[PDB]
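K.L.:
If it helps, the file is called structure.txt and holds compact mmCIF, N, CA and C atoms:
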# COMPACT_ATOMS: atom_id res chain seq x y z
N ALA A 127 91.01 102.61 80.33
CA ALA A 127 91.19 103.06 78.96
C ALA A 127 92.65 103.39 78.71
N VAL A 128 93.19 102.88 77.59
CA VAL A 128 94.57 103.10 77.19
C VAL A 128 94.57 103.49 75.72
N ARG A 129 95.50 104.36 75.33
CA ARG A 129 95.66 104.77 73.94
C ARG A 129 97.07 104.42 73.50
N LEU A 130 97.18 103.54 72.50
CA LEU A 130 98.47 103.12 71.97
C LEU A 130 98.63 103.72 70.58
N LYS A 131 99.69 104.49 70.39
CA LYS A 131 99.95 105.15 69.12
C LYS A 131 101.06 104.41 68.38
N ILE A 132 100.67 103.58 67.42
CA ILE A 132 101.60 102.95 66.49
C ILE A 132 101.76 103.96 65.37
N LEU A 133 102.65 104.93 65.60
CA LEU A 133 102.68 106.13 64.76
C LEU A 133 103.04 105.79 63.32
N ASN A 134 104.00 104.89 63.11
CA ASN A 134 104.50 104.64 61.77
C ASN A 134 103.47 103.91 60.92
N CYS A 135 103.15 102.68 61.29
CA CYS A 135 102.22 101.90 60.49
C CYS A 135 100.81 102.04 61.03
N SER A 136 99.87 102.36 60.14
CA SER A 136 98.47 102.26 60.50
C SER A 136 98.11 100.80 60.71
N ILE A 137 97.28 100.55 61.73
CA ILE A 137 96.92 99.18 62.08
C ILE A 137 96.02 98.60 60.99
N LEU A 138 96.38 97.42 60.50
CA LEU A 138 95.60 96.78 59.45
C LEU A 138 94.21 96.42 59.97
N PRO A 139 93.18 96.52 59.13
CA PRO A 139 91.84 96.10 59.56
C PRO A 139 91.79 94.60 59.83
N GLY A 140 91.27 94.22 60.99
CA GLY A 140 91.25 92.81 61.35
C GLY A 140 92.60 92.25 61.73
N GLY A 141 93.55 93.10 62.10
CA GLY A 141 94.89 92.68 62.45
C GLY A 141 95.21 92.62 63.92
N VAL A 142 94.22 92.75 64.80
CA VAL A 142 94.42 92.70 66.24
C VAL A 142 93.82 91.40 66.75
N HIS A 143 94.64 90.59 67.43
CA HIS A 143 94.22 89.30 67.94
C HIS A 143 94.64 89.18 69.39
N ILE A 144 93.90 88.40 70.16
CA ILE A 144 94.15 88.22 71.59
C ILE A 144 94.16 86.73 71.91
N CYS A 145 95.19 86.29 72.63
CA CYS A 145 95.32 84.92 73.09
C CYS A 145 95.51 84.92 74.60
N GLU A 146 95.12 83.82 75.24
CA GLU A 146 95.17 83.71 76.69
C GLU A 146 96.19 82.66 77.09
N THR A 147 96.97 82.96 78.13
CA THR A 147 97.82 82.00 78.80
C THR A 147 97.55 82.12 80.29
N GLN A 148 97.78 81.02 81.01
CA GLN A 148 97.40 80.94 82.42
C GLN A 148 97.97 82.07 83.27
N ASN A 149 98.92 82.84 82.74
CA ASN A 149 99.50 83.95 83.47
C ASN A 149 99.24 85.32 82.85
N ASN A 150 99.10 85.40 81.52
CA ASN A 150 99.04 86.69 80.85
C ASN A 150 98.21 86.62 79.58
N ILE A 151 97.76 87.80 79.14
CA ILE A 151 97.05 87.96 77.88
C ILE A 151 98.03 88.48 76.84
N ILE A 152 98.14 87.76 75.72
CA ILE A 152 99.09 88.09 74.66
C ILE A 152 98.31 88.75 73.53
N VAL A 153 98.69 89.98 73.19
CA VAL A 153 98.03 90.75 72.15
C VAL A 153 98.95 90.80 70.93
N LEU A 154 98.48 90.26 69.81
CA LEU A 154 99.26 90.19 68.59
C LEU A 154 98.64 91.11 67.55
N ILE A 155 99.39 92.12 67.11
CA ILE A 155 98.85 93.13 66.20
C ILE A 155 99.74 93.25 64.98
N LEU A 156 99.14 93.14 63.80
CA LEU A 156 99.85 93.22 62.52
C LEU A 156 99.49 94.52 61.82
N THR A 157 100.50 95.19 61.28
CA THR A 157 100.35 96.36 60.44
C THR A 157 100.93 96.06 59.07
N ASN A 158 100.93 97.08 58.20
CA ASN A 158 101.35 96.87 56.82
C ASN A 158 102.80 96.39 56.76
N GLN A 159 103.69 97.01 57.53
CA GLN A 159 105.11 96.70 57.45
C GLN A 159 105.72 96.36 58.81
N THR A 160 104.90 96.06 59.81
CA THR A 160 105.43 95.79 61.14
C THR A 160 104.48 94.82 61.86
N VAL A 161 105.02 94.11 62.84
CA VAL A 161 104.25 93.19 63.67
C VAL A 161 104.67 93.39 65.12
N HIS A 162 103.69 93.34 66.03
CA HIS A 162 103.93 93.62 67.44
C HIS A 162 103.28 92.56 68.31
N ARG A 163 103.96 92.24 69.42
CA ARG A 163 103.43 91.37 70.46
C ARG A 163 103.51 92.08 71.80
N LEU A 164 102.38 92.18 72.50
CA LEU A 164 102.29 92.84 73.79
C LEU A 164 101.82 91.86 74.85
N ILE A 165 102.28 92.06 76.08
CA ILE A 165 101.95 91.20 77.21
C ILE A 165 101.17 92.03 78.22
N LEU A 166 100.02 91.51 78.65
CA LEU A 166 99.18 92.19 79.62
C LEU A 166 98.89 91.27 80.80
N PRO A 167 98.72 91.82 82.00
CA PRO A 167 98.41 90.97 83.16
C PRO A 167 97.06 90.30 83.03
N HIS A 168 96.99 89.06 83.50
CA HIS A 168 95.74 88.31 83.47
C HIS A 168 94.84 88.74 84.62
N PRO A 169 93.52 88.78 84.41
CA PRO A 169 92.61 89.17 85.49
C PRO A 169 92.71 88.30 86.73
N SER A 170 92.87 86.99 86.56
CA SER A 170 93.02 86.11 87.71
C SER A 170 94.40 86.22 88.34
N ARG A 171 95.41 86.59 87.56
CA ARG A 171 96.75 86.83 88.09
C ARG A 171 96.88 88.19 88.74
N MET A 172 95.90 89.07 88.55
CA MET A 172 95.79 90.31 89.31
C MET A 172 94.87 90.15 90.51
N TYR A 173 94.77 88.93 91.05
CA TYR A 173 94.01 88.57 92.24
C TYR A 173 92.52 88.63 91.96
N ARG A 174 91.77 87.69 92.53
CA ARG A 174 90.35 87.54 92.21
C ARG A 174 89.55 87.42 93.50
N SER A 175 88.87 88.50 93.87
CA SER A 175 87.98 88.50 95.02
C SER A 175 87.10 89.74 94.95
N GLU A 176 85.79 89.52 95.02
CA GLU A 176 84.82 90.61 95.09
C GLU A 176 83.80 90.33 96.19
N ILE A 177 84.29 89.87 97.34
CA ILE A 177 83.41 89.63 98.48
C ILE A 177 82.78 90.94 98.94
N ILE A 178 83.57 92.02 98.95
CA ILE A 178 83.06 93.30 99.41
C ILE A 178 82.00 93.82 98.45
N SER A 179 80.93 94.39 99.02
CA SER A 179 79.81 94.92 98.24
C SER A 179 80.18 96.32 97.77
N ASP A 180 80.56 96.43 96.50
CA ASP A 180 80.97 97.69 95.90
C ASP A 180 80.21 97.91 94.60
N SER A 181 80.22 99.16 94.14
CA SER A 181 79.64 99.53 92.86
C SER A 181 80.67 99.79 91.78
N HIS A 182 81.88 100.21 92.14
CA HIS A 182 82.97 100.43 91.19
C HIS A 182 84.16 99.59 91.61
N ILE A 183 85.01 99.25 90.64
CA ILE A 183 86.18 98.42 90.89
C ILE A 183 87.32 98.88 90.00
N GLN A 184 88.54 98.71 90.49
CA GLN A 184 89.72 99.02 89.70
C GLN A 184 89.87 98.02 88.56
N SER A 185 90.24 98.52 87.39
CA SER A 185 90.55 97.65 86.27
C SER A 185 91.98 97.13 86.40
N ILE A 186 92.44 96.42 85.37
CA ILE A 186 93.79 95.87 85.37
C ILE A 186 94.83 96.86 84.86
N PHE A 187 94.44 98.10 84.57
CA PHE A 187 95.36 99.16 84.19
C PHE A 187 95.48 100.14 85.34
N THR A 188 96.70 100.31 85.85
CA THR A 188 96.93 101.22 86.97
C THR A 188 98.03 102.22 86.61
N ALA B 490 105.63 91.07 99.49
CA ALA B 490 104.40 90.30 99.66
C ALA B 490 103.22 91.24 99.36
N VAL B 491 103.36 92.02 98.30
CA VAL B 491 102.34 92.99 97.92
C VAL B 491 101.11 92.25 97.41
N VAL B 492 99.96 92.92 97.50
CA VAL B 492 98.69 92.40 96.99
C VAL B 492 98.30 93.24 95.78
N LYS B 493 97.95 92.57 94.69
CA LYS B 493 97.72 93.27 93.43
C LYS B 493 96.40 94.02 93.45
N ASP B 494 96.37 95.14 92.72
CA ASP B 494 95.18 95.97 92.50
C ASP B 494 94.79 96.75 93.76
N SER B 495 94.47 98.04 93.60
CA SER B 495 94.04 98.83 94.74
C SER B 495 92.54 98.68 94.99
N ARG B 496 91.71 99.14 94.04
CA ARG B 496 90.24 99.14 94.09
C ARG B 496 89.66 99.83 95.33
N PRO B 497 88.34 100.11 95.38
CA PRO B 497 87.78 100.76 96.58
C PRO B 497 87.96 99.97 97.87
N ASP B 498 87.50 98.71 97.90
CA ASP B 498 87.51 97.92 99.13
C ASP B 498 87.60 96.44 98.80
N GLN B 499 88.64 95.78 99.30
CA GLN B 499 88.78 94.33 99.16
C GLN B 499 89.76 93.84 100.23
N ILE B 500 90.24 92.60 100.07
CA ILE B 500 91.18 92.01 101.02
C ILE B 500 92.50 92.76 101.03
N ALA B 501 92.88 93.36 99.90
CA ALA B 501 94.10 94.17 99.86
C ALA B 501 93.99 95.36 100.80
N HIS B 502 92.81 95.97 100.90
CA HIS B 502 92.60 97.06 101.85
C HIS B 502 92.79 96.57 103.28
N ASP B 503 92.27 95.39 103.60
CA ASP B 503 92.45 94.84 104.94
C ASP B 503 93.92 94.57 105.22
N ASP B 504 94.65 94.07 104.22
CA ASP B 504 96.09 93.86 104.38
C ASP B 504 96.81 95.17 104.64
N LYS B 505 96.45 96.22 103.88
CA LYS B 505 97.07 97.52 104.08
C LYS B 505 96.77 98.07 105.47
N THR B 506 95.53 97.90 105.93
CA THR B 506 95.17 98.38 107.26
C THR B 506 95.92 97.61 108.34
N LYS B 507 96.09 96.30 108.16
CA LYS B 507 96.87 95.52 109.11
C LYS B 507 98.32 95.97 109.14
N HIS B 508 98.88 96.27 107.97
CA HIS B 508 100.25 96.79 107.93
C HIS B 508 100.34 98.15 108.62
N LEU B 509 99.35 99.02 108.41
CA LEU B 509 99.34 100.30 109.10
C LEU B 509 99.26 100.12 110.61
N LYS B 510 98.44 99.18 111.06
CA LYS B 510 98.31 98.92 112.49
C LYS B 510 99.62 98.39 113.06
N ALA B 511 100.30 97.50 112.33
CA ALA B 511 101.57 96.98 112.81
C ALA B 511 102.63 98.08 112.89
N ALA B 512 102.69 98.95 111.87
CA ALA B 512 103.63 100.06 111.91
C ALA B 512 103.31 101.02 113.05
N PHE B 513 102.02 101.26 113.30
CA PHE B 513 101.62 102.13 114.40
C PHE B 513 101.96 101.52 115.75
N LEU B 514 101.81 100.20 115.88
CA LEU B 514 102.22 99.52 117.11
C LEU B 514 103.73 99.60 117.29
N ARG B 515 104.48 99.51 116.19
CA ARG B 515 105.92 99.73 116.27
C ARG B 515 106.22 101.14 116.76
N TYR B 516 105.49 102.13 116.26
CA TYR B 516 105.71 103.51 116.68
C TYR B 516 105.39 103.69 118.16
N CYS B 517 104.31 103.05 118.63
CA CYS B 517 103.99 103.07 120.05
C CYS B 517 105.09 102.42 120.87
N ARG B 518 105.64 101.31 120.39
CA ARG B 518 106.81 100.67 120.97
C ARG B 518 108.10 101.41 120.66
N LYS B 519 107.98 102.60 120.06
CA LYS B 519 109.09 103.50 119.77
C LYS B 519 110.08 102.91 118.77
N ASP B 520 109.61 102.58 117.57
CA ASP B 520 110.50 102.17 116.49
C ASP B 520 110.07 102.93 115.23
N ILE B 521 110.74 104.05 114.95
CA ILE B 521 110.45 104.79 113.73
C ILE B 521 110.93 104.02 112.51
N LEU B 522 112.01 103.25 112.66
CA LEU B 522 112.64 102.62 111.51
C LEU B 522 111.75 101.54 110.90
N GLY B 523 111.22 100.64 111.72
CA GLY B 523 110.34 99.61 111.20
C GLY B 523 109.04 100.16 110.65
N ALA B 524 108.47 101.17 111.32
CA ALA B 524 107.26 101.80 110.82
C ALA B 524 107.49 102.44 109.46
N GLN B 525 108.60 103.17 109.30
CA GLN B 525 108.91 103.78 108.02
C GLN B 525 109.20 102.72 106.96
N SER B 526 109.83 101.61 107.36
CA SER B 526 110.10 100.53 106.41
C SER B 526 108.80 99.93 105.90
N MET B 527 107.83 99.69 106.79
CA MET B 527 106.54 99.19 106.33
C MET B 527 105.83 100.21 105.46
N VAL B 528 105.93 101.49 105.81
CA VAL B 528 105.28 102.54 105.03
C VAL B 528 105.85 102.57 103.61
N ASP B 529 107.17 102.50 103.49
CA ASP B 529 107.81 102.44 102.18
C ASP B 529 107.46 101.15 101.46
N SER B 530 107.26 100.06 102.21
CA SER B 530 106.90 98.79 101.60
C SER B 530 105.54 98.84 100.91
N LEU B 531 104.69 99.80 101.26
CA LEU B 531 103.39 99.92 100.61
C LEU B 531 103.33 101.09 99.65
N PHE B 532 103.71 102.29 100.09
CA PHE B 532 103.68 103.46 99.23
C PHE B 532 104.96 104.25 99.41
N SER B 533 105.53 104.72 98.31
CA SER B 533 106.70 105.58 98.37
C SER B 533 106.32 106.91 99.01
N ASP B 534 107.15 107.38 99.93
CA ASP B 534 106.92 108.64 100.63
C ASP B 534 107.55 109.82 99.90
N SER B 535 108.26 109.56 98.81
CA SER B 535 108.77 110.62 97.95
C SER B 535 107.69 111.20 97.05
N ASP B 536 106.50 110.61 97.05
CA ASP B 536 105.39 111.08 96.25
C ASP B 536 104.60 112.13 97.02
N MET B 537 104.26 113.22 96.33
CA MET B 537 103.40 114.25 96.90
C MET B 537 101.98 114.11 96.35
N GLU B 538 101.74 113.08 95.54
CA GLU B 538 100.49 112.85 94.83
C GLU B 538 99.32 112.63 95.78
N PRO B 539 98.12 113.05 95.42
CA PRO B 539 96.94 112.74 96.24
C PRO B 539 96.52 111.29 96.05
N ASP B 540 96.50 110.55 97.16
CA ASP B 540 96.19 109.12 97.12
C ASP B 540 94.94 108.91 97.97
N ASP B 541 93.79 108.86 97.30
CA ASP B 541 92.53 108.66 98.00
C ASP B 541 92.50 107.33 98.74
N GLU B 542 93.08 106.29 98.16
CA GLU B 542 93.18 105.01 98.86
C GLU B 542 94.01 105.12 100.13
N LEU B 543 95.15 105.81 100.06
CA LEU B 543 95.99 106.00 101.25
C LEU B 543 95.24 106.78 102.32
N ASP B 544 94.59 107.88 101.92
CA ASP B 544 93.85 108.69 102.87
C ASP B 544 92.70 107.90 103.49
N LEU B 545 92.01 107.10 102.68
CA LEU B 545 90.91 106.29 103.19
C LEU B 545 91.41 105.23 104.17
N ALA B 546 92.54 104.59 103.86
CA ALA B 546 93.10 103.62 104.79
C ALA B 546 93.49 104.27 106.11
N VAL B 547 94.12 105.45 106.04
CA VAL B 547 94.50 106.17 107.25
C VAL B 547 93.26 106.54 108.05
N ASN B 548 92.22 107.02 107.37
CA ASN B 548 90.99 107.42 108.05
C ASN B 548 90.32 106.22 108.72
N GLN B 549 90.28 105.07 108.04
CA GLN B 549 89.68 103.89 108.64
C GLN B 549 90.49 103.42 109.84
N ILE B 550 91.82 103.48 109.75
CA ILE B 550 92.65 103.12 110.90
C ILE B 550 92.34 104.04 112.07
N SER B 551 92.21 105.34 111.81
CA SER B 551 91.87 106.29 112.86
C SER B 551 90.50 105.99 113.45
N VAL B 552 89.53 105.63 112.60
CA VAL B 552 88.18 105.33 113.08
C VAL B 552 88.21 104.12 114.01
N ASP B 553 88.91 103.06 113.60
CA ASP B 553 89.01 101.88 114.44
C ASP B 553 89.72 102.20 115.75
N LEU B 554 90.78 103.01 115.68
CA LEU B 554 91.53 103.36 116.89
C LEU B 554 90.67 104.17 117.86
N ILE B 555 89.86 105.09 117.35
CA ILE B 555 89.08 105.94 118.25
C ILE B 555 87.84 105.21 118.76
N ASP B 556 87.28 104.28 117.98
CA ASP B 556 86.08 103.56 118.39
C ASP B 556 86.38 102.28 119.16
N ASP B 557 87.64 101.86 119.21
CA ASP B 557 88.02 100.69 119.98
C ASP B 557 89.18 101.05 120.89
N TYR B 558 89.10 100.60 122.14
CA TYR B 558 90.17 100.88 123.08
C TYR B 558 91.46 100.23 122.60
N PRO B 559 92.61 100.89 122.75
CA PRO B 559 93.83 100.38 122.11
C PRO B 559 94.36 99.12 122.78
N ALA B 560 95.23 98.43 122.06
CA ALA B 560 95.84 97.21 122.58
C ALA B 560 96.69 97.53 123.81
N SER B 561 96.72 96.59 124.75
CA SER B 561 97.49 96.74 125.99
C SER B 561 97.05 97.97 126.78
N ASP B 562 95.79 97.98 127.21
CA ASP B 562 95.27 99.06 128.04
C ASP B 562 94.50 98.44 129.19
N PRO B 563 94.26 99.20 130.26
CA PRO B 563 93.50 98.64 131.40
C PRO B 563 92.11 98.13 131.03
N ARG B 564 91.57 98.53 129.87
CA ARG B 564 90.31 97.94 129.44
C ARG B 564 90.46 96.45 129.14
N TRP B 565 91.59 96.05 128.56
CA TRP B 565 91.89 94.63 128.43
C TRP B 565 92.10 93.96 129.78
N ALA B 566 92.50 94.72 130.81
CA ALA B 566 92.80 94.12 132.10
C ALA B 566 91.57 93.48 132.74
N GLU B 567 90.41 94.14 132.66
CA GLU B 567 89.18 93.54 133.16
C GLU B 567 88.45 92.72 132.11
N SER B 568 88.77 92.90 130.83
CA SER B 568 88.31 91.98 129.80
C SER B 568 88.87 90.58 129.99
N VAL B 569 90.17 90.47 130.27
CA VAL B 569 90.76 89.23 130.77
C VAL B 569 90.32 89.16 132.23
N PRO B 570 90.35 87.98 132.89
CA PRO B 570 89.55 87.83 134.11
C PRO B 570 89.82 88.86 135.20
Show how you would write the structure in this file as structure tokens.

P.N.:
Amino acid sequence: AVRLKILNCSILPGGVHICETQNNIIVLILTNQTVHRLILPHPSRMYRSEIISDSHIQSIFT
Amino acid sequence: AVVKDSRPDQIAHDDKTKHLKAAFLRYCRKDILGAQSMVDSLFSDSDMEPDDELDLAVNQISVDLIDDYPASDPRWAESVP
């Protein structure tokens, strides 16, 4: 869980979009008077293996 | 050559345990410098933070060490012919 405070502009309704690239997740968010692009690590680029029998797992936010 | 994501248990944990074993073997061979270098290569020692993953890795290394006879011991001498 992450909390992002775009303090100045309130986020427009329906203004958050997500696109995928083979390395990263690109988050494009539009507000009334501002536009933002964020880069997040891809799940497969954060290594992919769940051979071990577990009940909980770390997310991509550390 | 870090492995991404900590999580409870995966291949990264095995890599960390192997690094701990190599640093411990260096310490047995009397090299504080290489052991500390590997330790810094995984976790900063300037942190006083509680690291359950670090403690768990240390505990598992201790468990393996106490439940298995150490490398280069007379137990290997009769294990080899």

K.L.:
Would you work out the distance separating atom N of residue 127 of chain A from atom N of residue 183 of chain A, expressed in Å to one decimal?

P.N.:
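Interatomic distance, atom N of residue 127 of chain A to atom N of residue 183 of chain A: 12.4 Å.
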
K.L.:
Residues of chain B that have any atom at most 6.5 Å from an atom of chain A: could you tabulate them with the shortest-distance atom pair and the distance in Å to one decimal, using only N, CA and C atoms, ordered by chain and increasing number, as a tab-separated table?

P.N.:
residue	atom	partner	partner_atom	distance
B:493	C	A:172	C	5.1
B:494	N	A:172	C	5.7
B:495	C	A:184	CA	6.0
B:496	CA	A:184	N	4.0
B:497	N	A:184	N	5.1
B:498	C	A:178	CA	5.6
B:499	CA	A:178	N	5.7

K.L.:
As a PDB file with N, CA and C atoms, in the coordinates of the input, which residues of chain A does DSSP assign to strand (DSSP E or B)?

P.N.:
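Full text of states-v5.pdb as output:
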ATOM      1  N   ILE A 137      97.280 100.550  61.730  1.00  0.00           N
ATOM      2  CA  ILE A 137      96.920  99.180  62.080  1.00  0.00           C
ATOM      3  C   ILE A 137      96.020  98.600  60.990  1.00  0.00           C
ATOM      4  N   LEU A 138      96.380  97.420  60.500  1.00  0.00           N
ATOM      5  CA  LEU A 138      95.600  96.780  59.450  1.00  0.00           C
ATOM      6  C   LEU A 138      94.210  96.420  59.970  1.00  0.00           C
ATOM      7  N   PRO A 139      93.180  96.520  59.130  1.00  0.00           N
ATOM      8  CA  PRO A 139      91.840  96.100  59.560  1.00  0.00           C
ATOM      9  C   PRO A 139      91.790  94.600  59.830  1.00  0.00           C
ATOM     10  N   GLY A 140      91.270  94.220  60.990  1.00  0.00           N
ATOM     11  CA  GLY A 140      91.250  92.810  61.350  1.00  0.00           C
ATOM     12  C   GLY A 140      92.600  92.250  61.730  1.00  0.00           C
ATOM     13  N   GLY A 141      93.550  93.100  62.100  1.00  0.00           N
ATOM     14  CA  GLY A 141      94.890  92.680  62.450  1.00  0.00           C
ATOM     15  C   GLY A 141      95.210  92.620  63.920  1.00  0.00           C
ATOM     16  N   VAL A 142      94.220  92.750  64.800  1.00  0.00           N
ATOM     17  CA  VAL A 142      94.420  92.700  66.240  1.00  0.00           C
ATOM     18  C   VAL A 142      93.820  91.400  66.750  1.00  0.00           C
ATOM     19  N   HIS A 143      94.640  90.590  67.430  1.00  0.00           N
ATOM     20  CA  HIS A 143      94.220  89.300  67.940  1.00  0.00           C
ATOM     21  C   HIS A 143      94.640  89.180  69.390  1.00  0.00           C
ATOM     22  N   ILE A 144      93.900  88.400  70.160  1.00  0.00           N
ATOM     23  CA  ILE A 144      94.150  88.220  71.590  1.00  0.00           C
ATOM     24  C   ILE A 144      94.160  86.730  71.910  1.00  0.00           C
ATOM     25  N   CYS A 145      95.190  86.290  72.630  1.00  0.00           N
ATOM     26  CA  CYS A 145      95.320  84.920  73.090  1.00  0.00           C
ATOM     27  C   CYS A 145      95.510  84.920  74.600  1.00  0.00           C
ATOM     28  N   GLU A 146      95.120  83.820  75.240  1.00  0.00           N
ATOM     29  CA  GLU A 146      95.170  83.710  76.690  1.00  0.00           C
ATOM     30  C   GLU A 146      96.190  82.660  77.090  1.00  0.00           C
ATOM     31  N   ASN A 150      99.100  85.400  81.520  1.00  0.00           N
ATOM     32  CA  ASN A 150      99.040  86.690  80.850  1.00  0.00           C
ATOM     33  C   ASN A 150      98.210  86.620  79.580  1.00  0.00           C
ATOM     34  N   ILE A 151      97.760  87.800  79.140  1.00  0.00           N
ATOM     35  CA  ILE A 151      97.050  87.960  77.880  1.00  0.00           C
ATOM     36  C   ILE A 151      98.030  88.480  76.840  1.00  0.00           C
ATOM     37  N   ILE A 152      98.140  87.760  75.720  1.00  0.00           N
ATOM     38  CA  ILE A 152      99.090  88.090  74.660  1.00  0.00           C
ATOM     39  C   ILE A 152      98.310  88.750  73.530  1.00  0.00           C
ATOM     40  N   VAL A 153      98.690  89.980  73.190  1.00  0.00           N
ATOM     41  CA  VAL A 153      98.030  90.750  72.150  1.00  0.00           C
ATOM     42  C   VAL A 153      98.950  90.800  70.930  1.00  0.00           C
ATOM     43  N   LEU A 154      98.480  90.260  69.810  1.00  0.00           N
ATOM     44  CA  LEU A 154      99.260  90.190  68.590  1.00  0.00           C
ATOM     45  C   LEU A 154      98.640  91.110  67.550  1.00  0.00           C
ATOM     46  N   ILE A 155      99.390  92.120  67.110  1.00  0.00           N
ATOM     47  CA  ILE A 155      98.850  93.130  66.200  1.00  0.00           C
ATOM     48  C   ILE A 155      99.740  93.250  64.980  1.00  0.00           C
ATOM     49  N   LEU A 156      99.140  93.140  63.800  1.00  0.00           N
ATOM     50  CA  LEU A 156      99.850  93.220  62.520  1.00  0.00           C
ATOM     51  C   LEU A 156      99.490  94.520  61.820  1.00  0.00           C
ATOM     52  N   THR A 157     100.500  95.190  61.280  1.00  0.00           N
ATOM     53  CA  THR A 157     100.350  96.360  60.440  1.00  0.00           C
ATOM     54  C   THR A 157     100.930  96.060  59.070  1.00  0.00           C
ATOM     55  N   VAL A 161     105.020  94.110  62.840  1.00  0.00           N
ATOM     56  CA  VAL A 161     104.250  93.190  63.670  1.00  0.00           C
ATOM     57  C   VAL A 161     104.670  93.390  65.120  1.00  0.00           C
ATOM     58  N   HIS A 162     103.690  93.340  66.030  1.00  0.00           N
ATOM     59  CA  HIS A 162     103.930  93.620  67.440  1.00  0.00           C
ATOM     60  C   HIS A 162     103.280  92.560  68.310  1.00  0.00           C
ATOM     61  N   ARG A 163     103.960  92.240  69.420  1.00  0.00           N
ATOM     62  CA  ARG A 163     103.430  91.370  70.460  1.00  0.00           C
ATOM     63  C   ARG A 163     103.510  92.080  71.800  1.00  0.00           C
ATOM     64  N   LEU A 164     102.380  92.180  72.500  1.00  0.00           N
ATOM     65  CA  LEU A 164     102.290  92.840  73.790  1.00  0.00           C
ATOM     66  C   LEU A 164     101.820  91.860  74.850  1.00  0.00           C
ATOM     67  N   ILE A 165     102.280  92.060  76.080  1.00  0.00           N
ATOM     68  CA  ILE A 165     101.950  91.200  77.210  1.00  0.00           C
ATOM     69  C   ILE A 165     101.170  92.030  78.220  1.00  0.00           C
ATOM     70  N   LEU A 166     100.020  91.510  78.650  1.00  0.00           N
ATOM     71  CA  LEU A 166      99.180  92.190  79.620  1.00  0.00           C
ATOM     72  C   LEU A 166      98.890  91.270  80.800  1.00  0.00           C
ATOM     73  N   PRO A 167      98.720  91.820  82.000  1.00  0.00           N
ATOM     74  CA  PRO A 167      98.410  90.970  83.160  1.00  0.00           C
ATOM     75  C   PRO A 167      97.060  90.300  83.030  1.00  0.00           C
TER      76      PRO A 167
END

K.L.:
For the atom pair atom CA of residue 137 of chain A and atom N of residue 158 of chain A, what is the interatomic distance in Å to one decimal place?

P.N.:
6.0 Å

K.L.:
Can you measure atom CA of residue 141 of chain A to atom CA of residue 160 of chain A for me? One decimal in Å is fine.

P.N.:
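These atoms are spaced 11.1 Å apart.
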
K.L.:
Which residues come within 7 Å of residue 524 of chain B, counting only N, CA and C atoms, excluding same-chain residues fewer than 3 positions away, as a list in words?

P.N.:
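Result of the neighbour search: residues 511, 512, 513, 515, 516, 520, 521, 527, 528 and 529 of chain B.
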
K.L.:
Anything within 8 Å of (100.1, 94.6, 59.4): list those residues as a list in words, counting all atoms listed in the file and sticking to the file's coordinates.

P.N.:
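The distance filter leaves exactly residues 135, 136, 137, 138, 139, 141, 155, 156, 157, 158, 159, 160, 161 and 162 of chain A.
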
K.L.:
Selected residues, N, CA and C atoms, written as a JSON list (two decimals), keeping the file's coordinate frame, please.

P.N.:
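Below is the file that was written, again06.json:
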[["chain", "number", "residue", "atom", "x", "y", "z"],
["A", 135, "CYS", "N", 103.15, 102.68, 61.29],
["A", 135, "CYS", "CA", 102.22, 101.90, 60.49],
["A", 135, "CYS", "C", 100.81, 102.04, 61.03],
["A", 136, "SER", "N", 99.87, 102.36, 60.14],
["A", 136, "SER", "CA", 98.47, 102.26, 60.50],
["A", 136, "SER", "C", 98.11, 100.80, 60.71],
["A", 137, "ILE", "N", 97.28, 100.55, 61.73],
["A", 137, "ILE", "CA", 96.92, 99.18, 62.08],
["A", 137, "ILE", "C", 96.02, 98.60, 60.99],
["A", 138, "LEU", "N", 96.38, 97.42, 60.50],
["A", 138, "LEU", "CA", 95.60, 96.78, 59.45],
["A", 138, "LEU", "C", 94.21, 96.42, 59.97],
["A", 139, "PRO", "N", 93.18, 96.52, 59.13],
["A", 139, "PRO", "CA", 91.84, 96.10, 59.56],
["A", 139, "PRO", "C", 91.79, 94.60, 59.83],
["A", 141, "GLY", "N", 93.55, 93.10, 62.10],
["A", 141, "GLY", "CA", 94.89, 92.68, 62.45],
["A", 141, "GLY", "C", 95.21, 92.62, 63.92],
["A", 155, "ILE", "N", 99.39, 92.12, 67.11],
["A", 155, "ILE", "CA", 98.85, 93.13, 66.20],
["A", 155, "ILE", "C", 99.74, 93.25, 64.98],
["A", 156, "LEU", "N", 99.14, 93.14, 63.80],
["A", 156, "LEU", "CA", 99.85, 93.22, 62.52],
["A", 156, "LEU", "C", 99.49, 94.52, 61.82],
["A", 157, "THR", "N", 100.50, 95.19, 61.28],
["A", 157, "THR", "CA", 100.35, 96.36, 60.44],
["A", 157, "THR", "C", 100.93, 96.06, 59.07],
["A", 158, "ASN", "N", 100.93, 97.08, 58.20],
["A", 158, "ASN", "CA", 101.35, 96.87, 56.82],
["A", 158, "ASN", "C", 102.80, 96.39, 56.76],
["A", 159, "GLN", "N", 103.69, 97.01, 57.53],
["A", 159, "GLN", "CA", 105.11, 96.70, 57.45],
["A", 159, "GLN", "C", 105.72, 96.36, 58.81],
["A", 160, "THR", "N", 104.90, 96.06, 59.81],
["A", 160, "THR", "CA", 105.43, 95.79, 61.14],
["A", 160, "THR", "C", 104.48, 94.82, 61.86],
["A", 161, "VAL", "N", 105.02, 94.11, 62.84],
["A", 161, "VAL", "CA", 104.25, 93.19, 63.67],
["A", 161, "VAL", "C", 104.67, 93.39, 65.12],
["A", 162, "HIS", "N", 103.69, 93.34, 66.03],
["A", 162, "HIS", "CA", 103.93, 93.62, 67.44],
["A", 162, "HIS", "C", 103.28, 92.56, 68.31]]

K.L.:
Taking the DSSP assignment computed from this structure's backbone, write out as a ChimeraX atom specification all residues of chain B that belong to helix (DSSP H, G or I).

P.N.:
/B:500-517,521-531,541-556,563-568

K.L.:
Considering only N, CA and C atoms, return as a list in words whatever protein or nucleic-acid residues lie within 6.5 Å of residue 154 of chain A, sequence-local ones (same chain, fewer than 3 positions apart) excluded.

P.N.:
residues 141, 142, 143, 144, 145, 162, 163 and 164 of chain A
